[PDB]
Structure formats: C-alpha cells, structure tokens
Amino acid sequence: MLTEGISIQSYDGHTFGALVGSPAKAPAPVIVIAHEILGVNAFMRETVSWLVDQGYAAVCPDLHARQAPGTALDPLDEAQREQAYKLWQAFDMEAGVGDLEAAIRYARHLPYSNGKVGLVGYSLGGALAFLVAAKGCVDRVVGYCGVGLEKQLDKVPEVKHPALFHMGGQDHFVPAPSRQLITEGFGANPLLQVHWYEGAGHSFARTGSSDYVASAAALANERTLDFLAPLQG
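Residues numbered from 1 in each chain as written, not as in the entry; some residues may be left out. Heavy atoms only, no water.

The deposited coordinates, according to the entry record, derive from X-ray crystallography at 1.80 Å resolution.

Draft legend 1. Inspection of the overall build of the chain at higher detail. A tally of helices and strands in the chain yields six helices and nine strands. Relative to the compact-globule value of 17 Å for 233 residues, the chain shows a C-alpha radius of gyration of 16 Å, a close match. Its C-alpha atoms give the chain principal-axis dimensions of about 45 × 40 × 35 Å. Of the contacts made within the chain by residues no fewer than 6 positions apart, 69% connect residues no fewer than 24 positions apart. (Helix = DSSP H or I, 4+ residues; strand = E, 2+ residues; numbered from the N terminus. Rg over C-alpha atoms; globule rule 2.2 N^0.38 Å. Contact = heavy atoms within 4.5 Å.)

Draft legend 2. Geometry of the layout of surface pockets. Its volume calculated, the largest pocket comes out at about 520 Å³. Taken together, 24 residues form the lining of the largest pocket, with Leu38, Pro75, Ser203, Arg206 and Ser209 sitting closest to its centre. If you list the elements that add at least two residues to the lining of the largest pocket, you get α1 (42–53) and α2 (78–90). Top contributing element to the lining of the largest pocket by residue count: α2, with four residues. Of the voids in this model, the second largest pocket is the one considered here, and its volume is about 400 Å³. If you trace the second largest pocket, you find 20 residues lining it, with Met93, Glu94, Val97, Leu131 and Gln152 closest to the centre. Secondary structure elements with two or more residues in the lining of the second largest pocket: α3 (93–108) and α4 (124–135). (1 Å grid on protein atoms, 1.4 Å probe; cavity = no way out; pocket = protein on both sides within 12 Å on 5 of 7 lines; lining within 4 Å. Points joined across faces, edges and corners; volume = space filled by probe spheres on them.)

This is the structure in structure tokens:
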C-alpha cells in the first residue's frame, strides 16, 4: 500500500511512490523506513503507525518500483515469497541507496519536518541502511537483520554519524565467522553499535513471522526508540 499521489524522484529521473504517515504534532523528525524484500506491506504499515505513535513522521518508499511498482507481498504465501526472492536476486543495491537518498531529501523538506531525518531499515533495508550510513546524508541510522554486512567492512571508517544495528544470534545469513568479522570490524568505530540477540533468528522483529521473538523484538525496538529520541524537539 502506498499513499496516493506521493511521488519522489531520484538522481536519474526515476520516480517512485511511498507510504507516508504525517506526525501527530508538528514539527517532528522524519524517519525514512527501508523495507524488506517483500515491499511496502502490512509490516511496513505497522512500522509507519508505530513511529507516528512515538512522535515521528514516517516515509516508506517503494524501492521495487524500478522493476515492479507497488510491490506489497504477504510472507504467508509461498508464491509471494518466491516473487520477493526473485526481486531481491535482481535488486540494484546502488540504485536503492540513491532512491533512499532521494527519500531522505524529500523527508527533510516535508512541511512538518523539524530538520532532522533518521533511517530505519529491515532485512534488505538493513543492508541498505549501512550503505546509507557510509554515505552520511542522514542524522541517525538503524538497521535490523541486514544480510552481507561482513562484505562491507571497508566502509566502517566512512560512517560519520551514529548507526545502530540489531542482529539475530541464530540468523542463518550470519553464521559464526561472519558475526565475528562484523563484531570486530564495526567495533573499530564508536559511532556504530551492533547488538546481538541470542536465540533470535533472521526475522525476529517481524510480527507474525515464525522467527518472531517477543523479548528480543521488545529490547531491539526499545533501543531503536531511545536511539532515535535525540532527533525529537
């Protein structure tokens, strides 16, 4: 689901929609949400609503629009999961970072903006979140369960603003050697935080997922809100 009429244009003229949640009160910091491989779906709607309840405005851009505009896949359906994996396989990460940078610029100039923008990414979005953190166009970044962070360690010293990452300790995408590499690499830059949730799998924060772990999701989400709160005012 997207908000009708919202259009954001990227570096290369590509335009895309977004689900936008205006804040309860103005002004407010704006949070750009980088979605999972499944697109702007029920979990994204939930995430928008949550952040609005917590004193933010939120913008979730349609990152699949270069291939398939309005993608919103339900992870309960095998056919829709398969669609999502096909989209991820072909997904252009660099164009995703560009689209997110455009959404951040858009977020900054919303009429209720207090001038501060954050970025929260989930899964696909968590990997994009790290790449955006390295680019530095955003005030604070949060990434949940990003894949392949261990291959982006050269970018650790490029991060010049705070970034916080939540990772499952039983995430099959991040086995022990990868966790050790990420832990040691990210540890070199005190602007970064990486928290591991022992006993939690890849989609531990996604309500409805068989991976969901309430205690882990609760602690991660509490840390996220405390990390974003400094943007408020």
